[PDB]
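S.K.: Chains as they are written, first to last, in full-length UniProt numbering: chain B, 3 to 13, 23 to 28; chain Y, 3 to 23; chain Z, 3 to 28; chain U, 1 to 50; chain D, 1 to 50; chain A, 1 to 109, 160 to 227.
For each residue, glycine too, the CB sits at the ideal point set by N, CA and C.
As structure tokens, then:
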């Protein structure tokens, strides 16, 4: 093949840390 | 988009209804 | 205008780690 | 020694496991949801597709 | 090949681990002591001196 | 003395000509290194460890017992016999009523007889095939084998059936022609 992509956007402003 | 045909909304204007006087 | 209107109005669900669901159940 | 890595390396290198929204901690996922409009973190994590 | 580094990769390239009669199979060290009088095999392996 | 858990041997798929034999360690496990610090080593070599567990329970849920890795002839009971259902085909003519009409009647290719008959004979049998590895059974019976402490003992306890140029019917390795 040529194609292959699997990196793309799947997307006090915070919960807990 | 690649569309050449409108939608219909499939519903008339105003849901909300008034009483006869 | 000149008419076309047909099935599959939105995304066909498939849990995108994979590309399927089922044929239904019986 | 340390001789190999074998088969469930395929579900650890993310070529057969879960989305980068299931294997990441749900704090980093929430941060990513909220920051995508000025900094992008989405192209740094794998999504398997089987 | 796994992915050793630090103390691990010195115990895989044999510059810190055990000797070549302890990481070699004991069938290849038996082989290479009965034929090593006309057909050496001992100089093909490395012993770490630490 | 340490050997860890070696890369698991997997028997060659060799075409159709002959009997399955020979094996070699994997080529979907080899890597670039001088890159992964000691934290990632622990993960890498317990992922590998886990894999061996999977293989050692596919050698017990799909592999049938043997005293030989490659027996070089599998019995009738130990290969899948592709046996379909009996075939029944009706017999359309009545053989005794044509010779009682051909006396003055003549016929172009069910009106003068009520009789019909069937023929079966169990048309799906055959004397069991008992050659090499079964039809669906290469994958089942040769799931990768893991050799924990390799080459420890003397010959006669080595797996010489991982050698493709081995003959196990003579226990001899021959010069390939």
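How far does the alpha helix (DSSP H) with residue 53 of chain A in it reach, from first residue to last?
M.R.: Taking the first residue of the sixth chain as 1, we reach residue 53 of chain A at position 53. First-last of the alpha helix (DSSP H) with residue 53 of chain A: 38-55.
S.K.: Against chain Y, with Cβ distances strictly below 8 angstroms, would residue 3 of chain Z count as a contact?
M.R.: As a working mapping, residue 3 of chain Z is identified with position 1 in the third chain. So, interface residue.
S.K.: Round the Cβ separation of residue 201 of chain A and residue 7 of chain D to the nearest angstrom and send it over; I've been treating them as touching at under 8 angstroms.
M.R.: For the purposes of this step, residue 201 of chain A is taken as residue 151 along the sixth chain, with counting starting at 1. For the purposes of this step, residue 7 of chain D is taken as residue 7 along the fifth chain, with counting starting at 1. Between residue 7 of chain D and residue 201 of chain A the Cβ distance is about 27 angstroms, and since that is not below 8 angstroms, they are no contact.
S.K.: Using a beta-carbon distance below 8 angstroms, is residue 18 of chain U in contact with chain A?
M.R.: Numbered from its first residue, the fourth chain carries residue 18 of chain U at position 18. So no, residue 18 of chain U is outside the interface.
S.K.: For residue 21 of chain Y, which residues from the same chain have a beta carbon less than 8 angstroms from its beta carbon, with the 5 sequence-adjacent residues on both sides left out?
M.R.: Position 19 of the second chain, counted from the start, is the residue given in the question as residue 21 of chain Y. Same-chain partners within the cutoff: there are none.
S.K.: Could you check where the alpha helix (DSSP H) with residue 30 of chain U kicks off and where it finishes?
M.R.: Along the fourth chain, one-based indexing puts residue 30 of chain U at 30. Counting along the chain, the alpha helix (DSSP H) containing residue 30 of chain U begins and ends at 26-34.
S.K.: Starting from residue 189 of chain A, trace the alpha helix (DSSP H) both ways and give me its first and last residue.
M.R.: As a position in the sixth chain, residue 189 of chain A is number 139, starting the count at 1. First-last of the alpha helix (DSSP H) with residue 189 of chain A: 188-191.
S.K.: Going along chain U, which residues have a C-beta under 9 angstroms from residue 83 of chain D?
M.R.: Limits of chain D in this structure are 1 at one end and 50 at the other, which puts residue 83 of chain D out of reach.
S.K.: In whole angstroms, what is the alpha-carbon distance linking residue 210 of chain A and residue 5 of chain A?
M.R.: For the purposes of this step, residue 210 of chain A is taken as residue 160 along the sixth chain, with counting starting at 1. For the purposes of this step, residue 5 of chain A is taken as residue 5 along the sixth chain, with counting starting at 1. Distance between the alpha carbons of residue 210 of chain A and residue 5 of chain A is about 20 angstroms.
S.K.: Are residue 170 of chain A and residue 88 of chain A closer than 8 angstroms when you measure CB to CB?
M.R.: Within the sixth chain, numbered from 1, the residue matching residue 170 of chain A stands at position 120. Within the sixth chain, numbered from 1, the residue matching residue 88 of chain A stands at position 88. Cβ distance < 8 angstroms, so residue 170 of chain A and residue 88 of chain A count as in contact.
S.K.: For the beta strand (DSSP E) that residue 11 of chain A lies in, which residues bound it at each end?
M.R.: Here residue 11 of chain A refers to the residue found at position 11 when the sixth chain is read from its first residue. 9-11 is the span of the beta strand (DSSP E), which, as asked, contains residue 11 of chain A.
S.K.: Which residues does DSSP list as the beta-bridge partners of residue 167 of chain A?
M.R.: On the sixth chain, position 117 is the one that residue 167 of chain A refers to. According to DSSP, which records beta bridges pairwise, residue 167 of chain A is partnered with A/91.
S.K.: Considering just the uninterrupted stretch of the beta strand (DSSP E) at residue 11 of chain U, what are its terminal residues?
M.R.: By 1-based counting over the fourth chain, the position of residue 11 of chain U is 11. Careful: residue 11 of chain U lies outside any beta strand (DSSP E) and carries neither H nor E.
S.K.: Please classify residue 19 of chain D: does DSSP put it in a helix, a strand, or coil?
M.R.: Position 19 of the fifth chain, counted from the first residue, corresponds to residue 19 of chain D. Look at residue 19 of chain D here: in three-state DSSP terms it is coil, with no helix or strand label.
S.K.: With 16 other CB atoms within 10 Å as the buried threshold, where does residue 197 of chain A fall?
M.R.: Here residue 197 of chain A refers to the residue found at position 147 when the sixth chain is read from its first residue. Counting Cβ neighbours within 10 Å, residue 197 of chain A comes out buried, since at least 16 surround it.
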